[PDB]
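Secondary and tertiary structure notes
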Amino acid sequence: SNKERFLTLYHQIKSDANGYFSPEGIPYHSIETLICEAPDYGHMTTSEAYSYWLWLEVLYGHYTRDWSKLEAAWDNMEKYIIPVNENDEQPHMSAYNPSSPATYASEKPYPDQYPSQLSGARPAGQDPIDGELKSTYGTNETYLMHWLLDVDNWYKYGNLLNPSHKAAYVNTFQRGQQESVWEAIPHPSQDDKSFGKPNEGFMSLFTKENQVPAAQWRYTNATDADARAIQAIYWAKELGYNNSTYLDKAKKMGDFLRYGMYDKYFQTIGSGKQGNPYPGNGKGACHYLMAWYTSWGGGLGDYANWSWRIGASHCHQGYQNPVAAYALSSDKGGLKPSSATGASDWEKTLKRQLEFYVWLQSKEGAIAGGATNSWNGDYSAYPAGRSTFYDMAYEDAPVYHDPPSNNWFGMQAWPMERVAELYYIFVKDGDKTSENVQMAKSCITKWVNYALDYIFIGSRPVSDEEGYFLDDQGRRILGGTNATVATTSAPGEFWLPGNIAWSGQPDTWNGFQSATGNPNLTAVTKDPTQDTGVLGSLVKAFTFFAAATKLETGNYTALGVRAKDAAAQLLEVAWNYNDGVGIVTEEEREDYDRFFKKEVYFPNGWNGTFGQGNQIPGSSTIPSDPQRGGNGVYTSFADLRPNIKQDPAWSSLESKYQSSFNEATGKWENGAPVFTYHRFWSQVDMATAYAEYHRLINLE
Ligand SMILES: OC[C@H]1CNC[C@@H](O)[C@@H]1O[C@@H]1O[C@H](CO)[C@@H](O[C@@H]2O[C@H](CO)[C@@H](O)[C@H](O)[C@H]2O)[C@H](O)[C@H]1O
Ligand SMILES: OC[C@H]1CNC[C@@H](O)[C@@H]1O[C@@H]1O[C@H](CO)[C@@H](O[C@@H]2O[C@H](CO)[C@@H](O)[C@H](O)[C@H]2O)[C@H](O)[C@H]1O
Ligand SMILES: OC[C@H]1CNC[C@@H](O)[C@@H]1O[C@@H]1O[C@H](CO)[C@@H](O)[C@H](O)[C@H]1O
Ligand SMILES: [Ca+2]
Ligand SMILES: [Ca+2]
Ligand code: NA
């Protein structure tokens, strides 16, 4: 019974004996501690994880009719990761100037070139929503999740503005597109300058100004997480939840999530196409997409009565959530905010996001990266011939190049799951005819047919040493439609693609009626693996897709049949990978030499104290690479974080590195480290896949 399967995994996730949650009731990134991927330690948690927790409790609440666990999860979120306090967690937010939201600085192509000068070279444009939010809520305190929490206070900064909370607000990434997770420096969101460099805190690693930096706080959301929370509440409400107390909070979150629709420095959309941006007026700086983040910050202490906000200029397809956008914009969606323009902004976003998906879809069906309003992160002129979407430049790897941000196949499964939900929702709500449903449908239908060529149940694909799939004659499959991957029998196995290698560009967008099929946009799908999180996401994309086809036509379509059977089979084989704690498989991590490599940059002349009490950078360094344009040093991830050497898994990792990694070639000669991880989101993606198959397919 898929219902019983969901219930069993739900209990495994929630059990105090399994360790998914801390003693304060906050879900961790993962049960295991030694892991690094976006958070850099397993007992960090994320806005992402909280968003999945909500989703879990929504489907549990539908089955049990007990909504109290959803409400407790929301309460927990509000207590620990949304910095509003019913002691002020956003001091001086009231002094914000919406006619000068922030002070400009350039992004850089390497971490070595930071700190960046706070020059104000570009005057920031108008913030046109601050006034509405204030009138609507009586405050401009941001009701969004900060993205990262040190749940076990492992970095030892403490929580300045809420000291009795063990979980502390921290941040890592600050230094541009080449600062991988391995290359960042963990620092407190609320910086009283008690750590870092004396008199400066960590601020002077990131920005420079004429003066010593002031004590200050700042937060950054991840727009995909807050939207996924809204998506969860959308379904709560569809499934009968009707406590206005919480419905209203999801609407509030949605209203503030509008900050994600704005250019970083509120520059007019398109205005930097020729390298000469100018400040936005009204909504001129609104791109109506979910960019990578919004940040906010201000002074700490009595002498620092200032605050600021930035949007983001870079938008990734994998972050868009049109289910949230529909929920916040229609009577049928049910979560329209009360602000004057919140719902009508979200309505424009819903359409813009579907146009973005169609624009980005490769010749063979996969979704390419996204677009930016700030080329090179300093409003550089677009390259000659670069394709555009509403005057924003196509990017194959928005925001991060290490690794390229749209290579991970999870970035296909996560957004296409939402688009499949959305197809289902439109058709359920009686819409088969709008331009929006036609876009959603076209994109998900083309994607499903693409994806099925790389999904293997009870068979094992043939791949070569470099991770290319092979056909029956042994040739590499380099994208294209109709991929025919060679296969050997492998009862009980499943395989999914792992990455995409991207080349070319979509054609410039001129609307859905002039779309071209993007014949020069190529996805090469590669690296077969067994990621159970991606599996659970895929299953749902296939489930909702199939269900939609049957609501639309009366029967499962040809492709709907195939998507439904693939879902059923994937659920059936995955069940065998339950270890009693989660549905898991073993993974190799060839990236884990980056625990040891010297690549964490510090500027010359900069010494301070890290949270764990060590002097940083300290003496274990090499000179920075002068080709990267800095003047400083590199330490290692592990020297920066000496407490990682106390982790129970550390000596096995170090021993494996000593015996297998060859520093001169940069290769793992006797195999890479291997781990079996129990990730919270991944387990939720699996549990919800069982549930939704049961609800949409077994019951209807
Ligand atoms: O585990 C959750 C992360 C990975 N999946 C999607 C999101 O839920 C979340 O992403 C992270 O979200 C963080 C918050 O937006 C991103 O960090 C931000 O990256 C921004 C610039 O790249 C920085 O300006 C900002 O200070 C920093 O906080 C980070 O790159 C990005 O990977
Ligand atoms: O080391 C590469 C792969 C080895 N084979 C199995 C794969 O499962 C593994 O891929 C990694 O799989 C991880 C688990 O799905 C991926 O981690 C995820 O990366 C996501 C995107 O940054 C994050 O939002 C999320 O928090 C984080 O857990 C990570 O990117 C991805 O590279
Ligand atoms: O470039 C804008 C912000 C992005 N990253 C960190 C922030 O401190 C930057 O904001 C500026 O901080 C300044 C003082 O430190 C402040 O006086 C400006 O008003 C802020 O934009
Ligand atoms: Ca709070
Ligand atoms: Ca790098
Ligand atoms: Na407190």
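Residues numbered from 1 in each chain as written, not as in the entry; some residues may be left out. Chains lettered and ligands numbered in written order. Heavy atoms only, no water. Residues with missing side-chain atoms left out of burial classes, pairs and counts.

As recorded in the entry header, the structure was determined using X-ray crystallography to a resolution of 1.95 Å.

With respect to the sheet that holds strand β24 (residues 632–636)
Here we have three strands laid out as an open sheet, ordered β20-β24-β23, and antiparallel in their pairing. Here the strands that pair on one side only, and so sit at the sheet edges, are β20 (598–603) and β23 (622–623). (Pairing = 2+ DSSP bridges. Helix = DSSP H or I, 4+ residues; strand = E, 2+ residues; numbered from the N terminus.)

Brief notes about the coordination of the sodium ion (ligand 6)
Taken together, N162 (OD1), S164 (N) and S164 (OG) make up the protein donors of the sodium ion (ligand 6), found 2.4 to 3.1 Å from the metal. You can call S164 exposed: its relative accessible area is 68%. (Donors = N, O, S within 2.8 Å, 3.2 Å for Na, K, Ca; no water. Buried < 20%, exposed > 50% of the residue type's maximum accessible area, 1.4 Å probe, protein only.)

Overview of helix α12 (residues 558–575)
Between its first and last C-alpha, α12 extends 26 Å over 18 residues, near the 26 Å set by a 1.5 Å rise per residue. Along α12, the residues classified as buried are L559, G560, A563, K564, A566, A567, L570, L571, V573 and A574. As for α12, its buried residues are in contact with α1 (2–14), α10 (435–451), β15 (456–461), β16 (487–495), α11 (532–553) and α15 (680–698). (Expected span 1.5 Å × (residues − 1). Contact = heavy atoms within 4.5 Å.)

Points about the site of ligand 3
Taken together, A102, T103, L118, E209, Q216, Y265, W306 and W308 form the complete shell of residues around ligand 3. A distance of 3.2 Å separates an oxygen atom of ligand 3 from a polar side-chain atom of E209. The separation between an oxygen atom of ligand 3 and a polar side-chain atom of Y265 is 2.5 Å. Its free accessible area being 460 Å², ligand 3 has 80% of it covered by the protein chains. (Near = heavy atom within 4 Å. Polar contact = N/O pair within 3.5 Å; in protein donor to acceptor, adjacent residues only side chain to side chain. Areas by Shrake-Rupley, 256 points an atom, 1.4 Å probe, with all protein chains shown as cover.)

Quick notes on the site of ligand 1
Near ligand 1 you find 17 residues, and of these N171, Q174, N221, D224 and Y400 are the closest. For ligand 1, an oxygen atom lies 2.8 Å from a polar atom in the backbone of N221. Taking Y319, its side chain carries an N or O atom lying 3.3 Å from an oxygen atom of ligand 1. For ligand 1, the protein covers 90% of the area, taking 630 Å² as the surface of the free molecule. In terms of residue class, the shell around ligand 1 is made up of 10 nonpolar, five polar and two charged. Two domains each put at least three residues into the shell around ligand 1: domain 1 (1–82 + 121–145 + 221–292 + 311–584 + 677–700) and domain 2 (83–120 + 146–220 + 294–310). (Nonpolar A, V, L, I, M, F, W, Y, C, P; charged D, E, K, R; others polar. Domains from an automatic or database assignment.)

Quick look at the nonpolar core
Core analysis: the biggest nonpolar cluster contains 221 residues, and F6, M253, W447, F542 and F595 have the highest contact counts within it. Per-element accounting of this core gives the leading share, 12 residues, to helix α9 (residues 410–428). (Core = buried A, V, L, I, M, F, W, Y, C linked by side-chain atoms within 4.5 Å.)

Looking at the sheet that holds strand β8 (residues 216–220)
Taking strand neighbours across the sheet as the criterion, the four strands line up as β6-β8-β9-β10 in an open arrangement whose pairing is antiparallel. Each edge of the sheet is formed by a strand with only one pairing partner; in this case those strands are β6 (190–191) and β10 (307–310). Judged from the two bridges that link them, β6 and β8 form a sheet pairing that is antiparallel. Pairing of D191 across the sheet is with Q216, part of β8.

A look at the coordination of the calcium ion (ligand 5)
All of the protein donors around the calcium ion (ligand 5) are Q178 (O), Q178 (OE1), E183 (OE), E183 (OE) and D402 (OD); their distances to the metal are 2.3 to 2.8 Å. Owing to a relative accessible area of 3%, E183 belongs among the buried residues under this scheme.

Some thoughts on the pairing of strand β14 (residues 392–395)
Where strand β12 (residues 370–372) meets β14, three bridges bridge the pair, whose relative direction is antiparallel. Counterpart to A371 in the pairing with β14 is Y394. In this sheet, β14 lies alongside strand β13 (residues 388–389) in antiparallel orientation, the contact comprising two bridges. The partner of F389 across the bridge, within β14, is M392. Hairpin geometry of β13 and β14 is characterised by an intervening segment of two residues between the two adjacent antiparallel strands and by a positive phi of about 45° at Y390.

Comments concerning the packing of aromatic side chains
Remark: the centre distance and the inter-plane angle together describe each pair of aromatic rings, the angle taken between the planes. Here the structure, examined in full by the defined rule, presents 66 aromatic pairs. Aromatic side chains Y52 and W681 sit 6.0 Å apart centroid to centroid with 45° between the ring planes, which places their arrangement in the tilted category. Assigned by exposure class, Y52 and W681 land together as buried. Ring centres of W67 and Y241 lie 5.3 Å apart, and the angle between their planes is 50°; on these two criteria the pair is classed as tilted. (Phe/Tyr/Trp six-rings, centres within 6.5 Å; stacked < 30°, edge-to-face > 60°.)

Section: the UniProt feature "active site" (unreviewed entry) in the protein chain
Taking the UniProt record as the reference, the feature "active site" (unreviewed entry) is found at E48 and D224. Secondary-structure assignment places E48 in helix α2 (residues 47–64). Looking at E48, the relative accessible area reads 17%, which means it is buried. Those residues in contact with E48 that lie beyond four places of it in its chain are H29, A225, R228, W414 and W681. Here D224 lies in helix α5 (residues 223–238). When near neighbours in sequence (up to four residues on either side) are disregarded, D224 contacts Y319 and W414. (UniProt positions renumbered as here; feature names shortened; annotations may be inferred.)

Let's talk about the packing of α10 against α12
Interaxial distance between α10 and α12 falls to 11 Å at its minimum, and their mutual angle equals 55°. The angle between the axes of α10 and α12 places the two elements in the oblique class. Our pair here, α10 against α12, has a crossing hand that is left-handed. Seen from α10, the contacting residues are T445, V448 and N449; seen from α12, they are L559, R562 and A563. Residue composition of the contact of α10 with α12, by class: three nonpolar, two polar and one charged. (Axes fitted to C-alpha atoms, helices over the stretch in contact; angles between N-to-C directions. Parallel < 35°, antiparallel > 145°, perpendicular 65-115°, else oblique. Left-handed = near helix turned anticlockwise from the far one by under 90°.)

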